[PDB]
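Those protein sequence lines, which keep their order, are chains 2, Y, 6, P and X.
Quick note, the first sequence lines up with residues 177 to 337, 379 to 386 if you use the entry's author numbering.
Using the entry's author numbering, read the second sequence as starting at 47 and increasing by one per residue.
Quick note, the third sequence lines up with residues 92 to 199, 255 to 407 if you use the entry's author numbering.
Quick note, the fourth sequence lines up with residues 323 to 339, 468 to 483, 842 to 858 if you use the entry's author numbering.
Quick note, the fifth sequence lines up with residues 13 to 106, 117 to 228, 237 to 305, 329 to 404, 410 to 549, 555 to 606, 658 to 779 if you use the entry's author numbering.
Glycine residues also receive a C-beta, built at the ideal position from the N, C-alpha and C atoms.
Notes follow once the structure below has been shown.
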Amino acid sequence: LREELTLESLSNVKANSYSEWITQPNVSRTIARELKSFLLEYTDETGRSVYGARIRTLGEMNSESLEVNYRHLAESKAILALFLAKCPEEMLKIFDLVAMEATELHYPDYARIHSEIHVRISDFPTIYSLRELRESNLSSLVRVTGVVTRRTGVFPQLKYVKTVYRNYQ
Amino acid sequence: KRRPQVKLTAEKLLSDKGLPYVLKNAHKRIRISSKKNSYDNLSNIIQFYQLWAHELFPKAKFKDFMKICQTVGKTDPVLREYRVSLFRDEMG
Amino acid sequence: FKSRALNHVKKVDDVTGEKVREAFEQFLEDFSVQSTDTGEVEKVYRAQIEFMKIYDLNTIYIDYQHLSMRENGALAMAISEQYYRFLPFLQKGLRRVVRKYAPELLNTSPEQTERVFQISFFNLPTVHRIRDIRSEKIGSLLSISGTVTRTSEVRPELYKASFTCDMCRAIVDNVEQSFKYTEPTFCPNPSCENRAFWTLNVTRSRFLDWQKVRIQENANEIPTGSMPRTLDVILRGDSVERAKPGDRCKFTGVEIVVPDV
Amino acid sequence: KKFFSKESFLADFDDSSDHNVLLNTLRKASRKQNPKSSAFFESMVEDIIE
Amino acid sequence: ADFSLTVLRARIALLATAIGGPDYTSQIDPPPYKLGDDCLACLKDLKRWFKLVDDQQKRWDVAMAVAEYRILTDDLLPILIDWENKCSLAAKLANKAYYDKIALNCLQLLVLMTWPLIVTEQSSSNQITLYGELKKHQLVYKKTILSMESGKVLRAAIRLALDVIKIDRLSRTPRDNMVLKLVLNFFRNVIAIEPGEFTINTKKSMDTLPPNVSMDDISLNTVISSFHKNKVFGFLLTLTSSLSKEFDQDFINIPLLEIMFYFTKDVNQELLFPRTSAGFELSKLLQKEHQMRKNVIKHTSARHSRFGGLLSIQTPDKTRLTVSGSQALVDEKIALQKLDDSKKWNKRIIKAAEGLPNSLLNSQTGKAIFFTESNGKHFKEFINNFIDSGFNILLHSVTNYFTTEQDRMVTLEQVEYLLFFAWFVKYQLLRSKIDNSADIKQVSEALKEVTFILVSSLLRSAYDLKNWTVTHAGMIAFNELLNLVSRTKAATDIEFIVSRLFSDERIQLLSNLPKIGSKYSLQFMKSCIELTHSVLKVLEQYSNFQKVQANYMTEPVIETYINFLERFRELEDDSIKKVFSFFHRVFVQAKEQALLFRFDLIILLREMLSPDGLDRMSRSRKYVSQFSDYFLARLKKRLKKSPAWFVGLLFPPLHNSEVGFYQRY
DNA sequence: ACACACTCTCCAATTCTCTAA
Ligand SMILES: [Zn+2]
């Protein structure tokens with residue numbers, strides 16, 4: 177509960193699978209602290225912290241999506257990049273809940289503008305066409321290219337199963 | 047009430063339809079021969095008893111007929127009276 | 092509580108399967124063909140296992156002529172005429188040998259699941275036509291040739307399943323599927339009786355690659371006044387997307403019978 | 323008849339005689483790898857200054 | 013509460029990390045583990061969590077916590093193995119006490135976690151809940167312990183023993199002797215863990239190996255290999271053989287009995303003697342498969358399943374029946390069988411042993427366990443050296459223990475003793491049957507009077523209290539004593560032992576035994592039959659006999675014999691020879707013909723003699739046909755002399771005084 | 001409303017046990 181792990185302690189996956197290791201409370205709190213420490217601290221060679229500048233422009237446009245480059249996350253705290261590649265569906269939940277703290281540090285009461293922020297990953301370093309996908313790729317993050325053949329109209333969709382909705386296509 | 051169950055009983059055996067038919071006919075029914083195999087003659091003995099058992103009480107499998115007969119044969123006093131009567135007839 | 096053990100559980104066992112298993116074991120150990128250039132025993136299949144260890148492969152190829160000359164041909168006959176019965180026993184036989192000589196291959255960091263080996267055969271005595279498939283040959287080992295006309299996209303097939311109960315925290319594992327999607331019969335925890343609301347754990351369950359292809363008879367073989375028949379063929383594992391439409395191919399495997407699901 | 327004595331056993335006990471690339475990359479990097845956050849707050853404070 | 017439970021689990025995890033960890037400066041990819049501090053307190057507090065909390069509350073929750081955090085696989089084995097390898101290298105060259123202390127306190131936890139599991143109606147609901155899952159985890163423990171560096175942790179345990187072998191018994195403190203008990207108590211648990219038994223609550227009438243475990247990990251064959259490479263068999267052999275010389279017998283000999291029980295249990299002795330070979334017998338088995346296929350074909354119609362017409366069969370008295378199918382048109386036997394087969398009812402049926415892992419007592423032992431060539435010869439070498447070296451001294455000590463302690467016994471120790479006796483006596487008899495190099499003097503301690511009295515007393519007391527499992531096991535042991543006596547008489556005191564073995568009281572007991580067997584499982588009746596055969600044969604070669663044989667012949671024994679015989683499809687070739695030996699004795703020699711004139715025997719001879727059942731060329735058919743010919747001859751004579759027996763054949767014989775005597779003769 | 005699938009309930013058939021002649 178109270179105690180936290182070191183980053184070196186996370187080098188050894190101790191449970192029988194990745195997802196059952198990320199979801200534990202102490203491990204999750206350690207990952208949240210390390211991601212917040214990464215987001216507040218990464219720099220260009222000129223100093224000039226890029227993500228502080230991006231959070232600044234997030235409110236200037238009243239936007240909803242923060243963008244994170246994968247190469248930056250791999251350049252330091254590499255194990256988090258590995259976990260993200262293996263278990264995106266959990267890692268992005270934790271990352272979004274950190275990103276909201278980072279944005280509220282700039283703009284208090286930004287929750288009144290938007291209630292939730294999504295992290296967008298960029299420059300994932302491996303690519304497939306639609307040939308190479310196999311069953312081993314299931315639940316893993318992938319990067320794909322092609323031509324969009326057909327598009328539906330936009331609809332609302334029930335978010336939770379008092380009610381809330383989201384767009385869908 | 048639900049309909050009561052139907053069972054084999056000593057009254058059926060002691061009926062004219064029952065056991066007296068076997069003693070009236072078994073001397074004429076079965077016939078062994080040295081001229082046929084042990085398996086052949088052994089298969090011959092069970093024909094008459096199987097058909098008789100079906101004619102008496104078609105409920106159950108043949109083994110079940112025998113093993114049901116064991117209980118009432120050992121327990122009922124009237125049936126035992128009939129059997130000692132048979133062996134007294136031979137003592138006569 | 093009225094706890095009770097399954098005292099009567101002791102199973103029936105097929106002796107032929109075990110003897111075939113531990114004879115195929117010996118064949119893998121000591122086929123002992125001599126070298127291509129010299130009179131020196133080479134033991135090619137152990138070398139092939141070592142090759143697979145070097146390159147992390149998952150399939151092994153066997154020559155039917157090599158099996159034909161082994162032990163007066165009885166083992167080859169048993170494998171040929173009753174492939175569907177004896178295929179699990181061959182897998183069990185190969186697993187022990189790979190454990191003996193290359194335990195690194197048994198696994199596919256956290257724990258690593260087991261490798262699903264594949265046995266393959268080639269150089270069978272004769273090739274049949276699509277027109278020669280007859281129901282007397284169901285379950286046997288065969289080889290077939292024809293022209294490809296269609297292919298399906300690769301899809302994941304559920305191989306072994308694992309479920310968890312909604313009304314209580316209990317887990318069922320290693321459920322077997324065959325032709326239709328199949329789910330447990332009871333809640334294993336006796337404190338709960340709910341049969342409904344299972345969910346398939348995608349992480350713990352295991353899948354396989356699966357592809358459908360369609361073939362027709364060779365044009366030069368069609369008899370007088372007749373027209374070509376067609377057939378559907380299943381490909382799995384490392385052989386998916388190997389076939390191409392319009393090409394001529396030769397297949398081998400076993401013919402099966404599929405229900406109306 | 324055998325005996326298998328103690329002293330023999332004590333004496334004899336001792337004397338007897468592609469993600470494949472990326473995984474290695476990230477593992478090695480992981481093994482190899842308030843004033844520090846001041847740049848972030850500076851970017852925040854520049855809105856006050858400019 | 014749940015939060016208190018998870019608080020204890022988190023405490024156990026923080027203790028599972030304070031223990032220490034490997035070194036990240038090392039540049040050695042990976043290094044071994046590296047040691048923490050407060051670790052004495054950590055191990056001690058973990059021991060307290062087992063003993064002072066879990067045992068006092070009867071939970072197994074603490075074991076679930078340590079299994080969750082994988083303490084055994086992760087920390088204890090590398091700690092012990094690092095200690096072993098460090099001291100090993102130091103021995104190659106040829117505060118250190120603190121290292122030795124940590125070794126001891128790691129081994130004790132290893133013994134505790136792998137301790138075998140017992141469930142009763144007095145176990146807590148918590149333990150009953152947790153039984154099925156801890157079984158899985160203990161299977162994982164067995165695999166992991168046998169796997170690491172090809173099982174090197176087992177060398178540490180015997181080095182701990184070697185420290186206490188070292189100096190004279192006259193010096194050895196009680197705490198010193200507890201080590202020598204502990205090291206064997208470890209091996210008993212490592213052998214004893216095996217695949218689970220499924221258990222459910224009988225509320226409604228409607237595999238457990240985890241994903242990381244397989245059979246070849248868990249089989250006894252693996253245990254033989256692992257033990258041989260890690261130098262265990264020498265340790266057991268040298269410890270048991272010199273047991274007589276002032277090793278304090280009290281601390282060692284019962285655990286050392288339990289080991290020998292725990293890997294004799296699932297071996298048939300014929301598998302260890304042979305009596329391209331595999332392929333040859335496989336081909337022969339395929340011929341047998343072809344015969345079964347032929348049997349199915351002979352009942353298969355030529356034309357398809359919807360071609361079939363209809364048949365009508367008319368009885369005497371002109372009543373008619375109806376049956377379908379094409380084969381019924383030609384085969385009246387098949388038509389008669391098929392007619393009765395449609396009828397729905399079957400009479401529901403009555404059912410003896412519980413509380414003991416699987417053994418000969420409650421499993422069909424016509425199913426071997428399978429060995430590598432090296433494992434086969436190594437195991438043969440081990441038990442052969444055991445018999446030639448250790449058997450008599452071990453049995454003398456353990457038997458002169460139990461005579462002074464019989465009243466205090468528990469069911470485990472009785473069944474253990476009785477199935478150790480039997481296995482080794484039988485194996486020596488077979489080995490000396492095979493070859494002259496072996497001799498029977500190696501097992502001769504069994505015959506001396508005290509052990510005979512003790513086996514007799516166990517059988518007596520078990521029979522009186524109606525404890526049927528110990529009765530079964532005592533039956534098996536007493537069978538082997540009689541067989542060994544019949545061996546030695548075929549070569555002084557042995558006749559005295561026979562005369563005391565066959566006092567009238569024992570004849571009453573041994574005559575009583577087959578009668579109750581009718582109700583029980585198949586193995587019980589088979590044990591009764593084989594014991595009866597041996598008993599009667601020994602008293603045949605005593606020259658009393660007519661008194662004894664008339665004691666055996668009556669209705670309930672014949673009932674047991676027929677009830678056993680009708681399951682012939684599951685039985686061996688030999689047991690049927692024994693049964694028909696007994697029937698020859700009853701029918702021809704004793705001339706008590708009236709017992710067998712009962713109808714359910716006449717069905718059995720049809721089933722067993724038909725083309726359905728016993729093979730056309732098996733040796734059984736000689737005996738069966740040669741018996742049935744004479745049987746029907748005498749039956750013909752009896753039936754024509756007195757026609758009343760037609761009605762007699764259905765029922766039991768009639769016990770009235772005045773008619774019964776002429777009935778029986 | 002008309003065949004089906006599935007659940008629930010009660011009652012008597014059966015075997016087991018104890019006692020005395
Ligand atoms: Zn449930």
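Query, Result
"Straight-line Cα distance separating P217 (chain X) from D247 (chain X)", "11 Å"
"Whole-number beta carbon distance between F701 (chain X) and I690 (chain X), since they are thought to touch under 8 Å", "The Cβ separation is near 16 Å, so there is no contact."
"Length of the line joining the Cα atoms of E251 (chain 2) and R326 (chain 2)", "38 Å"
"The segment 382-394 of chain 6 contacting the segment 293-308 of chain 6, beta-carbon criterion three pairs below 8 Å", "yes"
"C-beta neighbour in chain P for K261 (chain X), strict 8 Å", "yes"
"Amino acids of chain 2, ordered along the chain, whose beta-carbon sits closer than 7 Å to that of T349 (chain 6)", "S193 and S195"
"Pairwise C-alpha distance: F335 (chain P) and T457 (chain X)", "33 Å"
"Nearest candidate by alpha-carbon position, reference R82 (chain X), set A426 (chain X), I167 (chain X), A531 (chain X) and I124 (chain X)", "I167 (chain X)"
"Contact the segment 355-370 of chain X vs the segment 333-344 of chain X: 3+ CB pairs below 8 Å", "no"
"Extent of the continuous alpha helix (DSSP H) to which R733 (chain X) belongs", "Neither: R733 (chain X) is in no alpha helix (DSSP H) and is coded neither H nor E."
"Chain X within 8 Å of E179 (chain 2), Cβ atoms only", "yes"
"Cβ contact (3+ pairs, closer than 8 Å) linking the segment 296-315 of chain 6 and the segment 347-364 of chain 6", "yes"
"Opposing strand residues paired with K396 (chain 6) [DSSP bridges]", "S291 (chain 6)"
"Any heavy atom of ligand 1 within less than 6 Å of residue CB: hits in chain order", "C311 (chain 6), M313 (chain 6), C314 (chain 6), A316 (chain 6), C333 (chain 6), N335 (chain 6), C338 (chain 6) and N340 (chain 6)"
"Nearest to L306 (chain 2) (by Cα), restricted to the options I289 (chain 2), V324 (chain 2) and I297 (chain 2)", "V324 (chain 2)"
"Close beta carbons around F180 (chain 6), own chain, < 6 Å, minus the five adjacent residues each side", "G108, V111 and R112"
"Same chain, Cβ closer than 6 Å to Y385 (chain 2), neighbours up to 5 away in sequence not counted", "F331 and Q333"
"CB contact below 8 Å: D446 (chain X) versus chain P", "yes"
"8 Å Cβ cut-off: residues of chain X touching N163 (chain 6)", "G332 and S336"
"Residues in the segment 669-680 of chain X having any Cβ partner in chain Y nearer than 8 Å", "none"
"Best match in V52 (chain Y), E57 (chain Y), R49 (chain Y) and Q51 (chain Y) for proximity to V118 (chain Y) [C-alpha to C-alpha]", "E57 (chain Y)"
"Member of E463 (chain X), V662 (chain X), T546 (chain X) and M467 (chain X) whose CA lies at the smallest distance from the CA of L505 (chain X)", "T546 (chain X)"
"Partners in chain 2 for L26 (chain X), counting only beta-carbon separations shorter than 9 Å", "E179"
"Alpha-carbon spacing of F694 (chain X) relative to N537 (chain X), whole angstroms", "20 Å"
"Close Cβ partners of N127 (chain X) (< 8 Å) along its chain, the five nearest in sequence each way excluded", "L52, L55, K56 and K59"
"For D220 (chain 2), the three-state DSSP class (helix, strand or coil)", "strand"
"Buried/exposed call for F303 (chain X), threshold 16 Cβ in 10 Å", "exposed"
"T150 (chain 6), enclosing alpha helix (DSSP H) - first and last residue", "Run containing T150 (chain 6): none in the alpha helix (DSSP H); it sits in the beta strand (DSSP E), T150 to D154."
"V400 (chain 6) to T423 (chain X) span [Cα, whole Å]", "37 Å"
"Where the beta strand (DSSP E) through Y583 (chain X) begins and ends", "From DSSP, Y583 (chain X) is part of no beta strand (DSSP E); its letter is neither H nor E."
"7 Å CB neighbourhood of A426 (chain X) in its chain, flanking five on each side removed", "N298 and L301"
"Nearest residue (CA-CA) to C333 (chain 6), options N320 (chain 6), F309 (chain 6), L346 (chain 6) and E322 (chain 6)", "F309 (chain 6)"
"heavy atom of ligand 2 below 7 Å from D278 (chain X) C-beta", "Ligands displayed in this structure: ligand 1; ligand 2 is not among them."
"Interfacial residues, the segment 301-329 of chain 2 to chain 6, with Cβ spacing under 8 Å", "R307, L309, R310, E311, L314 and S315"
"Contiguous alpha helix (DSSP H) assignments of at least 4 residues, all confined to the segment 120-174 of chain X", "147-169"
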